[PDB]
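Structure first, commentary second.
No value in this document is a laboratory result; all are computed from the given coordinates. As a convention, Cβ positions derive from the backbone with ideal geometry for all residues, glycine included, and neighbour counts pool all protein chains shown.
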Amino acid sequence: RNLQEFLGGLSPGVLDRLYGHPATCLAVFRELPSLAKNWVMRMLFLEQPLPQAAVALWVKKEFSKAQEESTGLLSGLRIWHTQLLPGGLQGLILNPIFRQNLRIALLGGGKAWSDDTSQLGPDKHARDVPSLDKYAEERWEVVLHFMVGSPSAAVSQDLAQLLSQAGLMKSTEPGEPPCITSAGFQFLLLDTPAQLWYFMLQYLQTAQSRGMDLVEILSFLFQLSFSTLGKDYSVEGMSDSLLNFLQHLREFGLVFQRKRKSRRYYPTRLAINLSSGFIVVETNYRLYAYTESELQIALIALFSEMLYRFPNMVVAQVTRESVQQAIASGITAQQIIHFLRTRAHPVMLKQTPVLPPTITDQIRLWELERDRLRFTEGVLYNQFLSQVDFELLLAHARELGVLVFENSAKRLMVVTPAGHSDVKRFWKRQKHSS
Amino acid sequence: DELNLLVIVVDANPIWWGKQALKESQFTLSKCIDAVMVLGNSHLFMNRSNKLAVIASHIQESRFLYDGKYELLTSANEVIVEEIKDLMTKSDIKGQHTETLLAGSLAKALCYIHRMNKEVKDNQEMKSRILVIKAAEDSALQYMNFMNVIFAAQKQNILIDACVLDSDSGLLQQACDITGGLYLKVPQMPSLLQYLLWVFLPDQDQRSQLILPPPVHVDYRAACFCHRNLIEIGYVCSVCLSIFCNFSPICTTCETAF
Amino acid sequence: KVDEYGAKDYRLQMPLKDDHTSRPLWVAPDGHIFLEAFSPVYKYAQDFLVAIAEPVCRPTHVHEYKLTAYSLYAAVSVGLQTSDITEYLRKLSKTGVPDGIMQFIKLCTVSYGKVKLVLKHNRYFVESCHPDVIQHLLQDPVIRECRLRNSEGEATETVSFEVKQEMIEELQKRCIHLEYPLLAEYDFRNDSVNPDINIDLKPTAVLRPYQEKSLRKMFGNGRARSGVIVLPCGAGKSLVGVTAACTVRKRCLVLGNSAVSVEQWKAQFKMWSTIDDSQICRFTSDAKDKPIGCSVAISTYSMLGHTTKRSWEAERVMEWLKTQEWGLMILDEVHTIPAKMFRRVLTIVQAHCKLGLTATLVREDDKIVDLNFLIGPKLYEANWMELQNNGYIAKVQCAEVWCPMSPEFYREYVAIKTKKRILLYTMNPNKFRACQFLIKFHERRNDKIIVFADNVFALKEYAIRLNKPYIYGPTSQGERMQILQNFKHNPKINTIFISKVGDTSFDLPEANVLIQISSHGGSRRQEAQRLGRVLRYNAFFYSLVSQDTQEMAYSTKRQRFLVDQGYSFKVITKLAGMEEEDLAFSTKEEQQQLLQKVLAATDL
Amino acid sequence: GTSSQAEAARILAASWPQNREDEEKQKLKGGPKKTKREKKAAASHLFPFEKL
Ligand SMILES: [Zn+2]
Ligand SMILES: [Zn+2]
């Protein structure tokens, strides 16, 4: 799910409170479509609502579908609201709080998002951007290894409970480590920013369980998204619960902090992209990956056969058997294609499309092999003496919604096993009434 | 993967702004600079990958101008303010030159766009447009260079948008018509920012969706070689295609070419 | 060596990755070379690797080459020495050369020029610079039969002895097993024993730079050695042979496969060599243009190795031909050299240099390895991708489009197994409709079409249904010639059907569309040759197969050569506008009627 | 027969690799085209008979 889908399902009060922070308004604005952004900018300095027809006349007739989609999205996000214009007309005006906060974030005003940074002076134990990136990568690899279950990764029990609630891994027997399900494999195959966003959404959906303010967490996350890389910020000025949440971020590698009591924290590149190549693919079904970490090697080996492992290179061959095994593990072909496209080497970016069509088509065809046969358990009826009697029973089954397949030519029909009892009673009752 | 580059050329001719200040009108150069900065901030807000460049033209040369608000915008606005203050404070009138060096700024903008294009990753296309705000009168002495710049922009498929404030410029109209850009004259100067956000802010694909004012009556008057003045009817050589205001027994250009 | 993921991992073997990625090369412990094409030094690395190793795959990004003993023999045959090749391999490694490659290279390159085979006065001799190797190989029982009568010591000057002419193949096969490979170097610059002819190519037959590389590699230090040059049929292949014959300036012998290829070679010589018709002769028992006393003689196989009684004129010509030395014996279609009777053709005639030319070196029964010592090492292998990138070879858009099996045919296909199912998927109504649709679409745009189809029995009803010309194959000589002659210069007719006849080097005119149906089992050579008949997206060829049949596996296993060549086969499952127009077998009545006639064979 | 044409077309045109591709097409193509360059790439990789 995207950010807009999550925001649209929130209550109007939550949306109104979210707009109170300038950082949140910018994040919402940058998620809007291109047409919506122009409307927002035009209505930035309007103190009066505009007629719906007047706004509708800005876009041409052919692009009316996009206009309707953008208007519906804006209404769902509650950026603007309909006003009863005098004379029976309907006026459209942006939310005053959201508009004011957006203007403050753009034009200026109020206090800065962060409290201050020069009060404590220079950092005694400051790091560098490559060091922060390495720390974030190490944390993410540790998390993904703990998803696999290797003993090399040791995380807090709360993280394991969160993963269990996320459905990636289930602890059937207490004490023993949880077993990763098919959804866990699908999530592991997902891209790193996508994995971060999914994890954050799962956290937010269960945020109320810990008694934490959703609005504050969202505002802090959006503020972190727009933060400048390599620059620290003051921990002070935040509620304790948020601080606890920040600790979880320290576990996830999004935010670097030397000590729990330290007043400084350095956002990482992963945190920046939270709001939103080394693999070469050849026409002979060969992958040449410029990677060294065991994570990428395992990910590639999930859907391909490894051949050679040079110290800075991995040569693998994509075969039918490997792709079939990966699909049987629960990973779909679209996920594999998206993973290959995301990790595509910059050299392949010249090609249009980046991945050769033959390989993607072959992978999709290999995916279609598994679902060649379709299975539907049910009960077969073939003892219809009269067409009219068959029609009535078929209509009753369709009313019950338990029909699976019908053949009026030969008076043949199939119903679900659960609905067989109702059909049997109905057929017996009709004969009794006869 | 849609990358939009906005290069804003600001007519910083000191004479026109000084006359405007003496008029004690509701519009000043400071308000124009603020509107340009707000437009740039909005352009950067439109998309993450959007890139902004600001060039100010002066009688001397072209200057590359590039708490509660965005951090990158805060840095960008401060640099632009410092650059414009440095340009205006050190702007000394030394000579009889008064026309704005608009052509040189456009050439620098084209060079900058060409430089930025190569740095773009091959998987993405950098759609680039040039926005020009005109305050002083048009200069006919740079007709050939202006036409060369227009042709280069058309060859590289770069939109050129002109925002005339007081006096209409035929060269800007020709540039907008040839490059497919928008030419607009501001009726009310204080409302400049609203016009910029309503018209020039959206990209070309968005311009297809939106309804925009029709183009103004673009002129195509040529410039005589020996007069450098707009003319309606003139003599044109059949060899070098040079244009002359009066008939001559020998072509001056063809005389030069041996 | 370790199988944690089933992959041969050599991370610990070659850690020399100092700084940092500038060398676009990777080595392997056993042997292999990986090259990065997207490097500024791509051309120099390609020139270095071609001269030392043969390629195994050339995709668009990462080329893969293989190191073999014969490749190193060819490399040391050129002026390149051990120190130069080793230092340049170490120069571009980016990982460090494993200590399993240096020893192999040293062992291969040390014993190259120790033993030579020479021909003089119709006598074969083996000459060794180091006398010890003569005693080393003397104890070999197989070599002892070569000498007659026992060739005491042939004390000359350098120790040599004579060998049996008819058993030269056996000693060549044994020498490589003894790690003493033989070389066939002919120093044509200074002979004074051979009556060198006055052949001289006209200074108007310009040659492309890729042919220049092969020609230069053939003549490395002023001498010509036996080798194999692989160039596409559409590319210039006969031109290289003509230029080599002109440079050798000696009595040339050309061997073809078909009785029409000799005319092709004669035409090539008449076009690009400036030689009078008196000297040029064809020995194929068709015109008998006095082959006795000739400069360049062109003939074909299956006649020089007759196992039966030979014609009196042919017997006299063979007797004359077996009595003198030959300079640069040229073989065409060398891929089918290792046969029961074609191999002895090499031993039945005497020649100094044996130059073999082919376009499809791939062959089953793994007999290509024998060709390494039958003639020589693989000299040049053209890179087809870069060849077509220059625009001189048509960029053929390869297609592999399959059709579902109709129910009226699949029941019989799964019911029968005694080899009678070949016709079933061959005569698939869906494949017939697809072929007809392609034929009509490409005729509407005026494109020349060649339709290959084996199983001539099916081709009969496949061609008579559309009322289009077809070559049964044993039709005649004149009918095929006139059909192919009017095929090109006629807008009325632009499509023909071929039954395994076009699977060799013929004079077929330029074509843009090729549609093959029911080809041979797994012959990669046949498919490569058929693809070669199109190139000369200018063109594109299609292959039609039937789903859920052996044709799927056959097509998959017979395209592995072209994918190594760099071609990609796009899969087409739907044809646009299939129901737009009317096609044959529209209804089920004729489709089920086809079952009786396709089961009517009953060849028992 | 009139019905024979329709029956043969139904059987042949959608036998194996259409009864799942048409289902995916019906259950997909909800969002708009990401970029116009995808259509250019498709036109460049498509054979001439698939362009009409
Ligand atoms: Zn004049
Ligand atoms: Zn002139």
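Brief remarks on what is shown
- Distance between region B:191-236 and region A:276-333 - C-alpha centres, whole angstrom: 55 Å
- Rg and Dmax [Cα atoms of region C:425-499; Å; Rg one decimal, Dmax integer]: 12.4, 35
- Extent along the principal axes, Cα only, for region A:179-252: 42, 31, 18 Å, with the longest axis given first.
- Above-threshold pairs, the threshold being 28 Å between Cα atoms, out of B:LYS94/B:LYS155; A:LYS60/B:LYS134; C:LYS250/C:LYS322; A:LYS134/C:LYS91: B:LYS94/B:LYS155; A:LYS60/B:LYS134; A:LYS134/C:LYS91
- Cβ-placed point charges (K, R +1; D, E -1), dipole of region B:30-145 about Cα centre in debye, nearest 20: 320 debye
- D_trans [Stokes-Einstein, Kirkwood Rh over alpha-carbon pairs] for chain A, 4 °C, 1.567 mPa s, µm² s⁻¹: 49 µm²/s
- Tail weight of P(r) past 21 Å, computed on alpha-carbon pairs of region C:236-343, percent: 32 percent
- Span from the region D:3-52 Cα centroid across to the region A:215-240 one, whole angstrom: 48 Å
- In region B:1-210, one over the average inverse separation of all distinct C-alpha pairs is 17.5 Å, which is the Kirkwood hydrodynamic radius.
- Sites matching trypsin sites (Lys or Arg not before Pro) across region C:333-420 that sit in DSSP coil, with at most 14 neighbouring C-beta atoms within 10 Å: C:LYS340, C:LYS395, C:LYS417, C:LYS419
- Database remark: amide H of B:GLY181 closer than 5 angstrom to the amide H of B:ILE160 (H placed geometrically; neighbours at sequence offset of 5 or more, or on other chains; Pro and chain starts carry no H).
- Of B:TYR70, B:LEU3, B:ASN41, farthest towards positive along the dipole that unit charges on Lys, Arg, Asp, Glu beta carbons give region B:1-210: B:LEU3
- Counting only residues at least eight positions apart within a chain, or on another chain, the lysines with an alpha carbon under 16 Å from that of C:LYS114 are C:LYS106.
- ³J(HN,Hα) computed for each position of region C:276-283 - Karplus, 6.51 cos²θ - 1.76 cosθ + 1.60, integer Hz, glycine/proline x: 5, 5, 5, 6, 6, 9, 10, 10
- Greater than 31 Å apart at Cα, pairs in A:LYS410/A:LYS431; A:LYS231/B:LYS90; C:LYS237/C:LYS448: A:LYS231/B:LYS90
- Dipole in debye (nearest 20) - chain C, about Cα centre, beta carbon charges: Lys, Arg +1; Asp, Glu -1: 760 debye
- Each residue of region A:304-318 was assigned a 3J(HN,Hα) from its phi angle through the Karplus expression (A = 6.51, B = -1.76, C = 1.60, θ = phi - 60°), giving 7, 9, 6, 10, 9, 10, 7, x, 10, 8, 10, 10, 10, 10, 8 Hz with x at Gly and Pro.
- For chain C, the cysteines with no partner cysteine C-beta closer than 4.7 Å are C:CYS57, C:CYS108, C:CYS129, C:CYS146, C:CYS175, C:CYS233, C:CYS246, C:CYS252, C:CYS353, C:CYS398, C:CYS403, C:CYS435.
- Annotation for region C:1-82: trypsin sites (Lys or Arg not before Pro) lying in DSSP loop with at most 10 further Cβ atoms inside 10 Å of their Cβ are C:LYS1.
- Annotation note: GluC sites (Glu not before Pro) in region A:59-99 located in DSSP loop regions with a Cβ neighbour count of at most 16 within 10 Å are A:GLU62.
- Distant-in-sequence amide H partners of C:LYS448 (H built 1.01 Å from N, under 5 Å): C:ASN512, C:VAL513
- Cα coordinate range in region B:1-119, projected on the principal axes (Å, largest first): 48, 35, 20
- Basic side chains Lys and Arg get +1 at the Cβ, acidic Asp and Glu get -1 at the Cβ, and with that the dipole of the protein assembly as shown about its Cα centre reaches some 1860 debye.
- Per-residue [θ]222 nm for the protein assembly as shown (sum of -39500 (n - 2.57) over DSSP H runs n ≥ 4, rounded to 500): -12000 deg cm²/dmol
- Per-residue mean of foreign Cβ neighbours for A:26-38 is 3 (Cβ atoms of other chains, 10 Å radius).
- DSSP beta bridges in the protein assembly as shown [antiparallel fraction, %, rounded to 5]: 45 percent
- When the C-alpha to C-alpha distance is required to be over 20 Å, the pairs from C:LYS164/C:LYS367; C:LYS420/C:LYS597; C:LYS460/C:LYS570; C:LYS395/D:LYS34 that qualify are C:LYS164/C:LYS367; C:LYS460/C:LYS570; C:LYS395/D:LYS34.
- For region C:190-207 versus region A:35-50, the inter-centroid distance based on Cα atoms is 86 Å.
- The 3J(HN,Hα) values that the Karplus relation (6.51, -1.76, 1.60; θ = phi - 60°) gives for region D:13-20 are, in residue order, 5, 9, 7, 8, x, 10, 5, 10 Hz. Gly and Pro appear as x.
- Long-range tail of P(r) for chain C (Cα pairs > 35 Å, %): 48 percent
- The stretch between A:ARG425 and A:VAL404 holds 5.7 nm of extra length on full extension. This uses 0.36 nm per residue minus the Cα-Cα distance.
- Straight-distance candidates among the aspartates and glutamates for linking to C:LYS309, with alpha-carbon spacing under 15 Å and chain neighbours fewer than 8 residues away dropped: C:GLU319.
- Radius of gyration (Cα atoms) of the protein assembly as shown, expressed as a multiple of 2.2 N^0.38 Å: 1.18.
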